[PDB]
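One file, upload-v8.cif, is given below (mmCIF, C-alpha atoms and all ligand atoms).
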```cif
data_model
loop_
_atom_site.label_atom_id
_atom_site.label_comp_id
_atom_site.auth_asym_id
_atom_site.auth_seq_id
_atom_site.Cartn_x
_atom_site.Cartn_y
_atom_site.Cartn_z
CA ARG A 57 18.65 -6.38 -12.91
CA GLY A 58 16.25 -4.11 -14.83
CA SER A 59 14.03 -6.70 -16.58
CA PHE A 60 11.81 -9.39 -14.98
CA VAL A 61 9.21 -10.18 -17.65
CA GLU A 62 7.87 -13.28 -15.84
CA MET A 63 6.76 -11.11 -12.91
CA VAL A 64 5.07 -8.39 -14.96
CA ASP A 65 1.30 -8.45 -14.53
CA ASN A 66 1.46 -10.98 -11.62
CA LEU A 67 -0.99 -8.89 -9.53
CA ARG A 68 -4.78 -8.83 -9.77
CA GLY A 69 -7.44 -7.05 -7.77
CA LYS A 70 -10.95 -5.73 -7.43
CA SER A 71 -11.18 -1.96 -6.88
CA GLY A 72 -11.15 -1.13 -3.18
CA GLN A 73 -10.26 -4.73 -2.23
CA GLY A 74 -6.46 -4.56 -2.65
CA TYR A 75 -4.03 -6.33 -4.95
CA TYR A 76 -3.13 -10.02 -4.64
CA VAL A 77 -0.45 -12.35 -5.97
CA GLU A 78 -0.68 -16.09 -6.52
CA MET A 79 1.37 -18.09 -4.02
CA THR A 80 1.77 -21.76 -3.17
CA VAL A 81 2.21 -23.24 0.30
CA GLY A 82 3.16 -26.78 1.38
CA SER A 83 4.11 -29.97 -0.50
CA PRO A 84 2.45 -30.81 -2.82
CA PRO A 85 1.87 -27.08 -3.49
CA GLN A 86 -1.45 -25.57 -2.48
CA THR A 87 -2.26 -22.50 -4.59
CA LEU A 88 -3.71 -19.42 -2.84
CA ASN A 89 -4.36 -15.81 -3.79
CA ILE A 90 -2.66 -13.56 -1.26
CA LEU A 91 -3.11 -9.83 -0.66
CA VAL A 92 0.17 -7.91 -1.04
CA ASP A 93 0.35 -5.77 2.12
CA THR A 94 3.25 -3.38 2.78
CA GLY A 95 1.41 -2.21 5.90
CA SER A 96 1.83 -5.38 8.01
CA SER A 97 4.39 -8.11 8.59
CA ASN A 98 2.67 -11.53 8.95
CA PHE A 99 2.07 -14.13 6.28
CA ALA A 100 -1.41 -15.20 7.44
CA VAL A 101 -3.73 -17.47 5.42
CA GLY A 102 -7.25 -18.84 5.77
CA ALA A 103 -6.89 -22.41 7.08
CA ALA A 104 -10.51 -23.37 7.77
CA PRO A 105 -13.68 -23.38 5.57
CA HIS A 106 -14.88 -19.86 6.19
CA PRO A 107 -17.88 -19.25 3.87
CA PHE A 108 -16.29 -16.21 2.13
CA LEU A 109 -13.14 -18.18 1.17
CA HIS A 110 -12.59 -19.63 -2.29
CA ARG A 111 -10.05 -21.97 -0.73
CA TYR A 112 -7.87 -22.41 2.32
CA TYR A 113 -4.62 -23.91 3.53
CA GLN A 114 -5.07 -27.59 4.45
CA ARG A 115 -2.02 -28.29 6.60
CA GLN A 116 -2.87 -31.98 6.93
CA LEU A 117 -2.22 -32.30 3.16
CA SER A 118 1.34 -30.92 3.34
CA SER A 119 4.24 -33.28 4.02
CA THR A 120 6.49 -30.25 4.78
CA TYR A 121 4.35 -28.49 7.41
CA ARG A 122 6.09 -28.00 10.76
CA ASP A 123 3.98 -27.00 13.75
CA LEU A 124 5.39 -24.27 15.96
CA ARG A 125 2.99 -25.19 18.80
CA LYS A 126 2.12 -21.54 19.34
CA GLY A 127 -1.05 -19.57 18.73
CA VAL A 128 -1.38 -15.94 17.69
CA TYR A 129 -4.29 -13.59 18.39
CA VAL A 130 -4.43 -10.43 16.33
CA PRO A 131 -7.06 -7.80 17.10
CA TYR A 132 -7.30 -4.48 15.34
CA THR A 133 -10.16 -2.31 14.19
CA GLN A 134 -12.33 -3.15 12.72
CA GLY A 135 -11.87 -6.84 13.47
CA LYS A 136 -9.56 -9.69 14.36
CA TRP A 137 -7.87 -12.86 13.20
CA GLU A 138 -6.57 -15.75 15.31
CA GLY A 139 -4.39 -18.56 14.19
CA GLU A 140 -1.81 -21.23 14.75
CA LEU A 141 1.82 -20.71 13.77
CA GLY A 142 3.93 -23.11 11.73
CA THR A 143 6.39 -23.18 8.84
CA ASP A 144 6.12 -24.68 5.37
CA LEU A 145 7.58 -24.35 1.88
CA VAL A 146 6.36 -21.26 0.05
CA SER A 147 6.80 -20.24 -3.59
CA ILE A 148 5.54 -17.44 -5.81
CA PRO A 149 4.77 -19.03 -9.21
CA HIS A 150 5.08 -15.68 -11.07
CA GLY A 151 7.96 -14.57 -8.88
CA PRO A 152 11.53 -15.75 -8.38
CA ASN A 153 12.26 -19.42 -9.10
CA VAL A 154 13.00 -20.27 -5.48
CA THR A 155 11.27 -21.98 -2.57
CA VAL A 156 11.59 -20.79 1.01
CA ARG A 157 10.60 -22.22 4.39
CA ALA A 158 8.49 -19.37 5.81
CA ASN A 159 6.41 -18.74 8.90
CA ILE A 160 2.68 -19.09 8.15
CA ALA A 161 -0.15 -18.15 10.50
CA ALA A 162 -2.97 -20.63 9.81
CA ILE A 163 -6.08 -18.54 10.43
CA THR A 164 -8.68 -20.60 12.30
CA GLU A 165 -11.06 -17.78 13.38
CA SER A 166 -11.58 -14.23 12.16
CA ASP A 167 -13.99 -11.30 12.22
CA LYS A 168 -14.31 -8.59 9.55
CA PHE A 169 -11.06 -9.84 7.97
CA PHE A 170 -12.05 -11.81 4.88
CA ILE A 171 -14.22 -9.92 2.39
CA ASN A 172 -17.41 -11.49 1.00
CA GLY A 173 -16.91 -11.78 -2.74
CA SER A 174 -13.16 -11.16 -2.81
CA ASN A 175 -10.71 -13.47 -4.57
CA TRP A 176 -7.95 -13.55 -1.95
CA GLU A 177 -7.59 -15.98 0.97
CA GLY A 178 -4.70 -14.54 3.00
CA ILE A 179 -2.30 -11.62 3.31
CA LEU A 180 1.43 -11.24 2.69
CA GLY A 181 2.78 -8.80 5.22
CA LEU A 182 5.85 -7.27 3.57
CA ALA A 183 6.80 -4.82 6.35
CA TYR A 184 9.41 -5.42 9.06
CA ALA A 185 9.68 -7.77 12.03
CA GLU A 186 9.15 -4.92 14.52
CA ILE A 187 5.37 -5.05 13.85
CA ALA A 188 5.04 -8.79 13.31
CA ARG A 189 2.66 -10.70 15.58
CA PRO A 190 3.05 -11.91 18.21
CA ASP A 191 6.51 -10.31 18.42
CA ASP A 192 9.53 -9.40 16.35
CA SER A 193 11.01 -12.88 16.62
CA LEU A 194 8.47 -14.20 14.10
CA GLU A 195 10.55 -13.67 10.95
CA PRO A 196 8.50 -12.07 8.11
CA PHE A 197 8.28 -13.75 4.72
CA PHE A 198 10.58 -11.37 2.86
CA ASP A 199 13.27 -11.65 5.54
CA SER A 200 13.18 -15.47 5.16
CA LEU A 201 13.25 -15.10 1.37
CA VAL A 202 16.41 -12.99 1.47
CA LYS A 203 18.10 -15.16 4.15
CA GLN A 204 17.52 -18.44 2.36
CA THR A 205 18.09 -17.45 -1.27
CA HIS A 206 20.08 -15.07 -3.42
CA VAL A 207 17.08 -12.82 -4.13
CA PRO A 208 18.29 -9.20 -3.63
CA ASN A 209 16.83 -7.40 -0.61
CA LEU A 210 14.27 -5.26 -2.45
CA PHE A 211 10.92 -5.47 -4.19
CA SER A 212 8.88 -3.01 -6.22
CA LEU A 213 5.19 -2.47 -6.86
CA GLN A 214 3.27 -1.12 -9.85
CA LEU A 215 -0.40 -0.94 -8.86
CA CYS A 216 -2.63 -0.17 -11.90
CA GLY A 217 -6.06 1.20 -10.97
CA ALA A 218 -9.21 1.55 -13.05
CA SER A 230 -10.81 -5.31 -12.63
CA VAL A 231 -7.38 -3.94 -11.59
CA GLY A 232 -3.89 -5.39 -11.88
CA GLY A 233 -0.22 -4.58 -11.66
CA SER A 234 3.18 -5.98 -10.92
CA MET A 235 5.21 -7.09 -7.91
CA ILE A 236 8.87 -7.35 -8.96
CA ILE A 237 10.59 -9.41 -6.26
CA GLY A 238 14.33 -8.79 -6.00
CA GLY A 239 14.68 -5.87 -8.37
CA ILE A 240 13.26 -3.24 -10.67
CA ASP A 241 11.77 -3.46 -14.17
CA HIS A 242 12.46 -0.24 -16.04
CA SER A 243 9.51 -0.79 -18.36
CA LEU A 244 7.17 -0.13 -15.44
CA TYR A 245 8.01 3.58 -15.10
CA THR A 246 8.88 6.72 -17.07
CA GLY A 247 11.42 9.34 -16.12
CA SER A 248 13.65 8.96 -13.09
CA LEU A 249 13.28 7.26 -9.70
CA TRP A 250 13.52 9.60 -6.69
CA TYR A 251 14.30 8.18 -3.25
CA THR A 252 13.05 9.08 0.23
CA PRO A 253 14.68 7.51 3.32
CA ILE A 254 12.91 4.78 5.24
CA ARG A 255 12.90 6.61 8.57
CA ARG A 256 12.70 3.45 10.63
CA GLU A 257 12.23 -0.21 9.76
CA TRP A 258 8.87 -1.16 11.19
CA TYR A 259 6.24 0.06 8.82
CA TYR A 260 7.66 1.55 5.62
CA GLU A 261 7.86 4.88 7.39
CA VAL A 262 8.71 8.07 5.45
CA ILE A 263 8.68 11.80 6.21
CA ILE A 264 6.46 14.27 4.32
CA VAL A 265 7.97 17.75 4.39
CA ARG A 266 5.45 19.87 2.47
CA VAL A 267 1.95 19.46 1.03
CA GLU A 268 0.53 21.50 -1.86
CA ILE A 269 -3.04 21.51 -3.22
CA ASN A 270 -2.92 22.73 -6.82
CA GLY A 271 0.48 24.22 -6.00
CA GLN A 272 -0.75 26.03 -2.87
CA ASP A 273 1.12 25.22 0.33
CA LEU A 274 -0.98 24.17 3.32
CA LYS A 275 1.69 25.97 5.43
CA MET A 276 1.20 23.68 8.42
CA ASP A 277 4.02 22.85 10.76
CA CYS A 278 5.35 19.90 8.77
CA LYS A 279 5.36 17.76 11.94
CA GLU A 280 1.59 17.67 11.47
CA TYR A 281 2.00 15.81 8.15
CA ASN A 282 3.67 12.94 10.06
CA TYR A 283 1.57 12.88 13.25
CA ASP A 284 2.26 10.31 14.47
CA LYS A 285 3.81 8.68 11.39
CA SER A 286 3.59 8.53 7.59
CA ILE A 287 3.72 5.14 5.87
CA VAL A 288 3.50 3.59 2.41
CA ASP A 289 0.79 0.89 2.57
CA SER A 290 -0.41 -1.21 -0.38
CA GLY A 291 -3.01 -2.76 1.96
CA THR A 292 -4.92 0.51 2.39
CA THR A 293 -7.17 1.85 -0.35
CA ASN A 294 -7.23 5.55 0.61
CA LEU A 295 -4.82 8.36 1.10
CA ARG A 296 -5.32 8.79 4.83
CA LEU A 297 -4.25 12.15 6.39
CA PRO A 298 -3.94 13.03 10.11
CA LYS A 299 -7.12 14.73 11.27
CA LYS A 300 -5.76 18.28 11.44
CA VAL A 301 -4.04 17.88 8.06
CA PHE A 302 -7.19 16.35 6.60
CA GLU A 303 -9.32 19.28 7.79
CA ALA A 304 -6.89 21.75 6.21
CA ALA A 305 -6.66 19.56 3.10
CA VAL A 306 -10.39 19.18 2.33
CA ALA A 307 -10.97 22.88 3.03
CA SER A 308 -8.37 23.70 0.39
CA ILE A 309 -9.77 21.02 -1.94
CA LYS A 310 -13.34 22.22 -1.33
CA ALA A 311 -12.20 25.73 -2.29
CA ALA A 312 -10.35 24.62 -5.42
CA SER A 313 -13.41 22.57 -6.45
CA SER A 314 -16.14 25.06 -5.63
CA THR A 315 -17.22 25.60 -9.28
CA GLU A 316 -19.44 22.57 -8.55
CA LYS A 317 -21.07 21.81 -5.21
CA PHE A 318 -21.16 18.47 -3.43
CA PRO A 319 -22.87 17.33 -0.22
CA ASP A 320 -20.85 17.94 2.93
CA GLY A 321 -21.07 14.19 3.51
CA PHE A 322 -19.22 13.48 0.25
CA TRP A 323 -15.96 14.98 1.56
CA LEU A 324 -16.35 12.77 4.65
CA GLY A 325 -16.73 9.60 2.57
CA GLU A 326 -20.29 9.23 3.94
CA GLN A 327 -21.96 9.41 0.50
CA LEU A 328 -20.99 9.18 -3.14
CA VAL A 329 -21.15 11.71 -5.93
CA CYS A 330 -22.05 10.85 -9.51
CA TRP A 331 -21.90 12.23 -13.02
CA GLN A 332 -23.18 10.78 -16.26
CA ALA A 333 -20.65 8.70 -18.21
CA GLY A 334 -17.87 10.68 -19.89
CA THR A 335 -19.05 13.70 -17.87
CA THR A 336 -16.72 13.62 -14.87
CA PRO A 337 -15.28 17.15 -14.39
CA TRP A 338 -11.69 16.18 -13.62
CA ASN A 339 -10.31 19.73 -14.01
CA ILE A 340 -12.46 21.35 -11.34
CA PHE A 341 -10.40 19.16 -9.01
CA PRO A 342 -6.92 20.13 -7.82
CA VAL A 343 -3.77 18.06 -7.99
CA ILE A 344 -2.23 17.02 -4.70
CA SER A 345 1.52 17.18 -4.15
CA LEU A 346 3.44 15.58 -1.31
CA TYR A 347 7.06 16.67 -0.95
CA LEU A 348 9.12 13.86 0.54
CA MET A 349 12.43 14.05 2.35
CA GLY A 350 15.23 13.44 -0.13
CA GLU A 351 18.47 11.53 0.06
CA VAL A 352 20.62 14.62 0.56
CA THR A 353 20.66 17.17 3.37
CA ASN A 354 18.19 20.01 2.66
CA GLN A 355 17.00 18.27 -0.57
CA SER A 356 13.45 17.07 -1.27
CA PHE A 357 11.34 15.93 -4.21
CA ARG A 358 7.61 15.88 -4.83
CA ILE A 359 5.08 13.36 -6.09
CA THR A 360 1.84 14.69 -7.58
CA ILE A 361 -1.47 12.81 -7.94
CA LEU A 362 -4.70 13.56 -9.83
CA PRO A 363 -8.38 13.32 -8.93
CA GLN A 364 -8.17 10.20 -11.12
CA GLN A 365 -6.31 8.82 -8.14
CA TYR A 366 -8.27 10.21 -5.19
CA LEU A 367 -11.78 9.94 -6.71
CA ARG A 368 -12.42 6.20 -6.62
CA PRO A 369 -14.93 4.57 -9.02
CA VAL A 370 -17.64 2.59 -7.22
CA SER A 376 -27.33 4.12 -10.68
CA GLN A 377 -26.74 4.71 -14.41
CA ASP A 378 -23.91 7.18 -13.70
CA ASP A 379 -20.19 7.13 -12.89
CA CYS A 380 -20.26 7.39 -9.08
CA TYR A 381 -17.01 8.07 -7.24
CA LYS A 382 -15.99 7.90 -3.60
CA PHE A 383 -13.74 10.57 -2.11
CA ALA A 384 -10.72 8.47 -1.20
CA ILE A 385 -8.90 10.88 1.11
CA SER A 386 -9.87 10.45 4.72
CA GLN A 387 -8.89 11.42 8.21
CA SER A 388 -6.72 9.23 10.36
CA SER A 389 -5.58 8.87 13.93
CA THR A 390 -2.68 6.61 12.98
CA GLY A 391 -0.86 9.17 10.80
CA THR A 392 -0.55 9.55 7.07
CA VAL A 393 -1.23 6.42 4.98
CA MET A 394 -0.10 6.47 1.35
CA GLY A 395 -2.46 3.74 0.14
CA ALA A 396 -3.51 2.73 -3.37
CA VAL A 397 -4.60 6.35 -4.02
CA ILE A 398 -0.92 7.35 -3.96
CA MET A 399 0.65 4.11 -5.16
CA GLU A 400 -1.51 3.80 -8.28
CA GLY A 401 0.23 6.88 -9.63
CA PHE A 402 3.73 5.59 -9.22
CA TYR A 403 6.16 2.76 -9.56
CA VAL A 404 7.24 2.32 -5.94
CA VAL A 405 10.57 0.66 -5.08
CA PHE A 406 10.90 -0.75 -1.55
CA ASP A 407 14.71 -0.58 -1.49
CA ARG A 408 15.21 -2.44 1.76
CA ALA A 409 18.97 -2.90 1.27
CA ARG A 410 19.44 0.88 1.14
CA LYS A 411 16.63 1.72 3.57
CA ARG A 412 14.91 3.97 1.05
CA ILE A 413 11.74 4.05 -1.06
CA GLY A 414 11.94 5.09 -4.71
CA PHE A 415 9.10 6.75 -6.62
CA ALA A 416 8.75 7.16 -10.39
CA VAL A 417 5.84 8.01 -12.67
CA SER A 418 3.99 4.79 -13.29
CA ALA A 419 3.76 3.65 -16.90
CA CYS A 420 0.17 2.49 -16.16
CA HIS A 421 -1.39 5.27 -14.07
CA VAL A 422 -4.79 6.74 -15.01
CA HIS A 423 -4.80 10.35 -16.20
CA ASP A 424 -6.23 12.63 -18.90
CA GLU A 425 -4.98 14.80 -21.77
CA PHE A 426 -4.30 17.82 -19.52
CA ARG A 427 -2.57 16.46 -16.39
CA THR A 428 -0.24 13.54 -15.62
CA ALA A 429 1.01 12.21 -12.29
CA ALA A 430 4.51 13.44 -11.61
CA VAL A 431 7.74 12.92 -9.64
CA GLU A 432 9.93 16.02 -9.65
CA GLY A 433 13.11 17.21 -7.94
CA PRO A 434 15.31 18.42 -6.54
CA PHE A 435 13.82 21.08 -4.28
CA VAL A 436 15.43 23.02 -1.41
CA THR A 437 13.67 22.25 1.89
CA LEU A 438 15.27 23.15 5.21
CA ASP A 439 14.68 21.67 8.69
CA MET A 440 13.20 18.48 7.25
CA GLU A 441 14.36 16.51 10.29
CA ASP A 442 11.95 18.62 12.36
CA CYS A 443 9.11 17.12 10.32
CA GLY A 444 9.48 13.70 11.99
CA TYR A 445 7.25 13.08 14.99
CA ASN A 446 8.93 11.60 18.04
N1 LIG B 1 -2.37 -2.42 5.55
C1 LIG B 1 -3.45 -3.10 6.26
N2 LIG B 1 -3.65 -4.56 6.22
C2 LIG B 1 -4.66 -4.92 6.94
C3 LIG B 1 -4.21 -5.95 7.99
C4 LIG B 1 -5.10 -6.62 8.82
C5 LIG B 1 -4.63 -7.53 9.77
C6 LIG B 1 -3.27 -7.76 9.89
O1 LIG B 1 -2.70 -8.66 10.83
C7 LIG B 1 -1.34 -8.97 10.61
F1 LIG B 1 -0.53 -8.72 11.69
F2 LIG B 1 -1.24 -10.28 10.27
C8 LIG B 1 -2.39 -7.09 9.07
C9 LIG B 1 -2.85 -6.18 8.12
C10 LIG B 1 -5.76 -5.47 6.02
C11 LIG B 1 -5.47 -6.71 5.18
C12 LIG B 1 -6.00 -5.44 4.52
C13 LIG B 1 -7.50 -5.36 4.15
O2 LIG B 1 -8.31 -5.93 4.80
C14 LIG B 1 -7.89 -4.52 2.93
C15 LIG B 1 -9.23 -4.27 2.66
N3 LIG B 1 -9.56 -3.52 1.59
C16 LIG B 1 -8.60 -3.02 0.78
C17 LIG B 1 -7.27 -3.27 1.05
CL1 LIG B 1 -6.16 -2.53 -0.13
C18 LIG B 1 -6.92 -4.01 2.12
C19 LIG B 1 -5.16 -3.60 7.64
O3 LIG B 1 -4.36 -2.48 6.99
NA NA B 2 20.57 -13.88 0.51
NA NA B 3 11.60 3.57 -17.63
#
```

Would you encode the structure as structure tokens?
Amino acid sequence: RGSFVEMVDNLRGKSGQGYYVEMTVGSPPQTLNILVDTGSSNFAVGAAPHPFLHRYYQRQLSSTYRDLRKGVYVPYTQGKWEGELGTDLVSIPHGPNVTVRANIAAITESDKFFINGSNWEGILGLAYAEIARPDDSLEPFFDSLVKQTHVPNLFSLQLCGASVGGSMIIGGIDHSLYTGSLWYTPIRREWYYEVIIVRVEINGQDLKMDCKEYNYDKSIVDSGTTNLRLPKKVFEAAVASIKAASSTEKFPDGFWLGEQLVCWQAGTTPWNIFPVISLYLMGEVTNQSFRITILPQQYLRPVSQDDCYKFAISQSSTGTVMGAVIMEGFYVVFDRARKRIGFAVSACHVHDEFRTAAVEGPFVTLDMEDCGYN
């Protein structure tokens, strides 16, 4: 409890391409880099020589592979992966010193899934069985890990933005990774890591929307999404307020829609024209909330001889997505045992001399249960 030095710095990443952890599959162990994804629930790995892949799972080389004689087809947008299900022995070299027999989807065909030039070859879906493919009887990796070992039923993530890195602490918390106190919001339902946002402020100014809008049709914490994604109506209200706060300088209308970048010469980014963004989350106690605050350092993503940034807040039709834009400000504790998610100021988040990311409570917020969409 509290200190896991061997897992510190076990994540690496390229900006906008997610964070991955080294894993091994099969016997003898085959090493793969695997995207850490709290927004899905399948352990799926490249298993054929796709040109983009540095490497892939060669089941024929594993004496411990067991075929489940079942295929899985997984469309989404944009894209798809298809694979064959089995089990095999899985370890995390810079994780707990255990080995688990986990479900693995061997990806044999995909479209717009693997990224050309990325250093990961599969994804580790850390969410719950209710969104596993093909169905909730395919036990997710972390469920198997907890069933078969004594690893406590929780993990935590410190994503450090900018080559990026960070830490996945499996089975506990490392208090070096955060400053101040952890604040917890309930996991509303175990499918995604679903939470309830109860108030949104831009530079301290309330958007004053019916809070059910903030969670239309859900709000999730998702390490496998780059952006803060906001439901359309909330996004419209949000940019408008951000546009207004930031009007000392003017930017193309397309910038706010992510359709073009904006640049400034090096050292010349005007952070302070941009507002902070505060999400109040449902607390642990009736009528009690807390708030997490992020900087433009978080929602202006670095991507000419200038520092060009992408606006990393974007509209959504799947509800709010707290992606790397949120998570890079905080140490985030996925406290599965207590069905709650803790947030604390991250010891590694990017800021400036004037503003820091923040986690503050308690606040008095009534009718928070009304904020959840049904
Ligand atoms: N959270 C989420 N993960 C995704 C995903 C795609 C299929 C699934 O199938 C699953 F059921 F196996 C699951 C998740 C993508 C893997 C992520 C991805 O491609 C990505 C690209 N750039 C940056 C990041 Cl941070 C991630 C879609 O959104
Ligand atoms: Na256990
Ligand atoms: Na600390």

Cut-off 6 Å, only C-alpha atoms and all ligand atoms, neighbours of ligand NA 2 (chain B) as JSON, numbers by chain: {"A": [202, 203, 204, 205, 206, 207]}

Sorted by chain and rising residue number, which residues of chain A lie within 9 Å of ligand NA 3 (chain B), and what are their closest atom pairs and distances in Å to one decimal, counting only C-alpha atoms and all ligand atoms, as a tab-separated table?
```
residue	atom	partner	partner_atom	distance
A:241	CA	B:NA3	NA	7.8
A:242	CA	B:NA3	NA	4.2
A:243	CA	B:NA3	NA	4.9
A:244	CA	B:NA3	NA	6.2
A:245	CA	B:NA3	NA	4.4
A:246	CA	B:NA3	NA	4.2
A:247	CA	B:NA3	NA	6.0
A:248	CA	B:NA3	NA	7.3
A:249	CA	B:NA3	NA	8.9
A:416	CA	B:NA3	NA	8.6
A:417	CA	B:NA3	NA	8.8
A:418	CA	B:NA3	NA	8.8
A:419	CA	B:NA3	NA	7.9
```

Among the residues A:405, A:333, A:422, A:382, the one that comes closest to residue A:318 [using all atoms listed in the file]: A:382

Would you tabulate, counting all atoms listed in the file, all residues of chain A that have an atom at most 8 Å from an atom of ligand LIG 1 (chain B), showing the closest pair of atoms and their distance in Å to one decimal, sorted by chain then ascending number, as CSV?
```
residue,atom,partner,partner_atom,distance
A:72,CA,B:LIG1,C16,5.1
A:73,CA,B:LIG1,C16,3.8
A:74,CA,B:LIG1,CL1,3.2
A:75,CA,B:LIG1,CL1,6.5
A:91,CA,B:LIG1,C11,7.0
A:93,CA,B:LIG1,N1,5.5
A:94,CA,B:LIG1,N1,6.3
A:95,CA,B:LIG1,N1,3.8
A:96,CA,B:LIG1,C8,4.7
A:97,CA,B:LIG1,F1,5.8
A:98,CA,B:LIG1,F2,4.3
A:99,CA,B:LIG1,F2,6.5
A:100,CA,B:LIG1,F2,5.7
A:130,CA,B:LIG1,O1,6.0
A:131,CA,B:LIG1,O1,7.7
A:132,CA,B:LIG1,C5,6.9
A:136,CA,B:LIG1,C5,7.1
A:137,CA,B:LIG1,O1,7.1
A:161,CA,B:LIG1,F2,7.9
A:169,CA,B:LIG1,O2,5.7
A:170,CA,B:LIG1,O2,7.0
A:171,CA,B:LIG1,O2,7.5
A:179,CA,B:LIG1,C11,6.1
A:181,CA,B:LIG1,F2,6.6
A:187,CA,B:LIG1,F1,7.3
A:188,CA,B:LIG1,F1,5.8
A:189,CA,B:LIG1,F1,5.4
A:289,CA,B:LIG1,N1,5.5
A:290,CA,B:LIG1,CL1,5.9
A:291,CA,B:LIG1,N1,3.7
A:292,CA,B:LIG1,CL1,4.1
A:293,CA,B:LIG1,CL1,4.5
A:395,CA,B:LIG1,CL1,7.3
A:396,CA,B:LIG1,CL1,6.7
```

Residue neighbourhood residue A:119, 9 Å, all atoms listed in the file, exclusion window fewer than 2 positions, as a count of residues only: 9

Two-atom distance - atom CA of residue A:346, atom CA of residue A:428 (Å):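 One can read the atom CA of residue A:346 to atom CA of residue A:428 distance as 14.9 Å.
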
Which residue of A:358, A:279, A:265, A:310 approaches residue A:437 most closely, using all atoms listed in the file: A:265

Nearest to residue A:114 by atom-to-atom distance, counting all atoms listed in the file, from A:69, A:150, A:252, A:164: A:164

Which residue of A:153, A:286, A:175, A:364 approaches residue A:237 most closely, using all atoms listed in the file: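 Between A:153, A:286, A:175, A:364, the residue approaching residue A:237 most closely is A:153.
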
Using only C-alpha atoms: which of A:297, A:340, A:399, A:324 has the shortest distance to residue A:264: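 Answer, going by the shortest atom-to-atom distance: A:297.
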
Nearest to residue A:359 by atom-to-atom distance, counting all atoms listed in the file, from A:341, A:435, A:113, A:283: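 Ranked by minimum distance to residue A:359, first place goes to A:435.
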